[PDB]
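Student: any chance you could fold what I've pasted below:
(2 chains)
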Amino acid sequence: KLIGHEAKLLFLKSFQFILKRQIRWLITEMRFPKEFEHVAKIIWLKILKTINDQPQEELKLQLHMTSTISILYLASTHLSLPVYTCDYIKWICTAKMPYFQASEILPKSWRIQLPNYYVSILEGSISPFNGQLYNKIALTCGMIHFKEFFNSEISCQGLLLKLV
DNA sequence: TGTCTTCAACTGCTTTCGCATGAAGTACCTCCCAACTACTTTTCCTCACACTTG
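Tutor: Numbers count the residues shown, from 1 in each chain, chains lettered A, B, ... in the order given. Take a look:
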């Protein structure tokens, strides 16, 4: 229950946390050591860097339901473990991600922090339409300047195998 | 003009001494309160049309 800059800071924070919860199920899910974990962490560290700069009263960050998986997606590609469609279907099928419902938090309290303008608009709003999902990845790459930072992006002779 | 006589209406009382065990007048209006559903609210997000090229 707070509006403005600090409302945003915790909106920020909550976004912070669920992604982390997302990542660890990621590790249990695939089991691809420190590596998957730390690359994902700095990726968002890098994402955060940008958010602070256009701060003042910049509230454009309200990253979407898709922003988080785009993050995990790009981090995975850096590593280049899998694929997108496969990942998405697997995730929906097993709810592997905490993606669809945002009640997890650890907030009970973050919830009450008045999901207000933001945190309420977090965790599970709706399912991806048309490019309502590849477009975000591009935006993340732009903010990220991801291609310079990470090697071999979108690759995978494994998607071909998956497909045949 | 004067005195006597009756009847009926009204006054006042008819154990003491303690526990009990207190309750209860109050109508007209109400604003507040509690409610169900619908509607509205704040912040955020993402795409779209057009113009110009050859």
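
Student: any idea how far residue A:99 lies from DNA strand B?
Tutor: 14 Å (C-beta to the nearest atom of the strand, to the nearest Å). Yep, even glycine has a C-beta here, placed from its N, CA and C like the rest.

Student: show me what contacts that residue?
Tutor: Shown in contact with residue A:99 (C-beta atoms under 8 Å, 6 or more residues apart in numbering): A:22, A:65, A:68, A:69, A:91, A:123, A:124.

Student: tell me which residue is most central in chain A.
Tutor: Among the residues of chain A, the one closest to the centroid is residue A:68, at 1.2 Å (C-alpha atoms, centre = their mean).

Student: check whether that residue really touches residue A:19, as I assumed.
Tutor: Yes. At 5.1 Å, residue A:68 counts as touching residue A:19 under the criterion of C-beta atoms under 8 Å.

Student: buried among the contacts of residue A:99? Need that as a selection in PyMOL.
Tutor: To isolate the buried members of these in PyMOL, using 16 or more other C-beta atoms under 10 Å:
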select buried, chain A and resi 22+65+68+69+91+123
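
Student: ok, the contacts of residue A:99 vs DNA strand B, which is closest?
Tutor: Minimum distance to DNA strand B across the contacts of residue A:99 is 8.5 Å, recorded for residue A:65 (C-beta to the nearest atom of the strand).

Student: give me the phi and psi for that closest one.
Tutor: phi -60, psi -40 (degrees, to the nearest 10).

Student: how far out from the middle of the chain is the strand or helix carrying residue A:136?
Tutor: Using DSSP states H and E, residue A:136 sits in helix A:134-144. How far helix A:134-144 lies from its chain's middle: 11 Å, per C-alpha atoms, centre = their mean, to the nearest Å.

Student: got a list of contacts for it?
Tutor: With contacts defined as C-beta under 8 Å, 6+ apart, helix A:134-144 is touched by A:43, A:46-47, A:50, A:64, A:66-67, A:70-71, A:73-74, A:146-147.
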